[PDB]
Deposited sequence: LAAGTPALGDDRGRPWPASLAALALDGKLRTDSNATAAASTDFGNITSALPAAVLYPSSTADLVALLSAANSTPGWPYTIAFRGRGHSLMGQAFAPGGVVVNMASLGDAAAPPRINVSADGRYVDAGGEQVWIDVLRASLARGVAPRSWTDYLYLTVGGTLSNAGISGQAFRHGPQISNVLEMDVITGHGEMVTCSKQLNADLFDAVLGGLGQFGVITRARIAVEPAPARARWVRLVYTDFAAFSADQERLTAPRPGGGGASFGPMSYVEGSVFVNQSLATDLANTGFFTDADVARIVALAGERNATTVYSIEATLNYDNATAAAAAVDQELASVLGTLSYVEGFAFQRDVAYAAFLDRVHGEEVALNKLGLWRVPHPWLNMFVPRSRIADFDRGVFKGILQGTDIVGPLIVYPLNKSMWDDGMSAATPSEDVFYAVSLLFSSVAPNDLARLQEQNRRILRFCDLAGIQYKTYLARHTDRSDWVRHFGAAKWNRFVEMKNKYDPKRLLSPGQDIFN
């Protein structure tokens, strides 16, 4: 039997089972795994979501797991619902009204539908002179999606991840109940959902903190051939004072084998800059080159430009990059934030976007980042053709709320390490997958207490270790309370 409201969804053509629908909801950015759902729901309102989850909750024997597809940027099927129902969240934003994104009248925050993509949140905010404070390097991800993980970028060292910049949310639990939550109201659900990997319910609305929108960003890159100086300077630029001047701090690792091409492909360096760095590498006989990437946001004030210069000069004076290897650019804030989009367009035209992405993402405690550098950047990765950026930068644990579901290392400072390998070569996938296993293996044997990010484990003991035994029990308590039938986001392979 079907509850009337559920059947109504089918009657309205919102519940599709046609191959076209199921197929589109069966692959993800990872392009490594796939799983066909039984059906796909195209909700036109949150009420439709209530109908589905309510049916599931009251219908004894309900056999359909439910996933919430934002844009499907998952790497290993976390957004799939094998033989179940995949919710096409984007459908909530089809109507031209009411708006799915509203900047508060006082301009202190911005309400956004869980299905909205950050790029649109940005535009709507800027139209009101404001903008979120914490981002992701790539803006075409949904609010609910990044919030179910963490949401990190170069601003996280000072503002914390995106999950630390949410005032409240509207969530529909596995029981089918629409609940508003925050630190004050239904705090247990609030904490569970942030970094919750879609296990407790679907986020239909997130109240995001904002700040007055800067107009421009002085964008700089500093080059190093010495990892010690490189990491010491990143830690200096992101150290708690309150934080330094820098609005954003990330880093890059370039292996010597493809140095010229990788530098040229940053879209930041000129061919003249490239020649100099290539020469530097040969002079130091380096197998790896490192580059800090930072920015200083400022506005259109008449004195801004000159004020930024002095500020920048002061900071640079405290660092240790190779003499003369500071490279500057100045762009509009929105241009900087949406910088990766151009790379997507280019890669797609080359047919190098819709390829397997065996990405390795993790948080590495600062005390062992040097060992990681030796074992991976100067070791395992040497002698291979690398396609994709190798991102490395520190984060401050103090800006992370350990009460939330997201898992992080115990040290006060830990690094976000993102090796974005693209399997462009023929069947070069199997090799990259083995390489990632080797890297993880190296870390386990060296005793490095890392945490994976954006990865889904397939063994219960792995998830228990991921969260930590005690934090795991809390995760389970929240599971039994909000999704007792264990139907939500089965692709995480936690309770499925």
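Mapping the modelled residues onto the deposited sequence reveals missing stretches at 1-14, 256-261.
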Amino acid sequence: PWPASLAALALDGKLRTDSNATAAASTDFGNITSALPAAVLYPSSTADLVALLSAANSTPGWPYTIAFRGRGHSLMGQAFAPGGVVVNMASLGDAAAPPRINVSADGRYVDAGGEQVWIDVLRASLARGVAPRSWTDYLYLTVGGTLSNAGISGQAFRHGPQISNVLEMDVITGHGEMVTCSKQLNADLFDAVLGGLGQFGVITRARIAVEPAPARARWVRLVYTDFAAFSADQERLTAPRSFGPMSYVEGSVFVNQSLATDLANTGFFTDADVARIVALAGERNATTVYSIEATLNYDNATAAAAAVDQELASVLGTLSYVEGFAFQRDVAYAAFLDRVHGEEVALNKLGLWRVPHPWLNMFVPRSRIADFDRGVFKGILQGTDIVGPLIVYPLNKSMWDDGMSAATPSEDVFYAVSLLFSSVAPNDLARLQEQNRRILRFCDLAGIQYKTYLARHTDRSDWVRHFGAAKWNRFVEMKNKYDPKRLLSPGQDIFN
From here on, numbers count along this sequence of modelled residues.
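Higher mean CA temperature factor between 342-350 and 208-216: 342-350, per the PDB entry. The PDB entry records a higher mean C-alpha B factor for 34-42 than for its counterpart among 34-42 and 437-445. Of the residues listed, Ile391, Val308, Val278, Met76, the entry assigns the biggest Cα temperature factor to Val308. Ranking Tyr415, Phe269, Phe243, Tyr138 by the C-alpha B-factor listed in the PDB entry places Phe243 at the top. Annotation for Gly144: C-alpha temperature factor in the lowest third relative to the rest of the modelled chain, per the entry. Ranked within its chain, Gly113 lands in the middle third, by CA B factor from the PDB record. Ranked within its chain, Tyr450 lands in the lowest third, by CA B factor from the PDB record.
Among all modelled residues in its chain, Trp400 ranks in the middle third by Cα B-factor.
Ranked against the other modelled residues of its chain, the C-alpha B-factor of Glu168 as given in the entry falls in the middle third.
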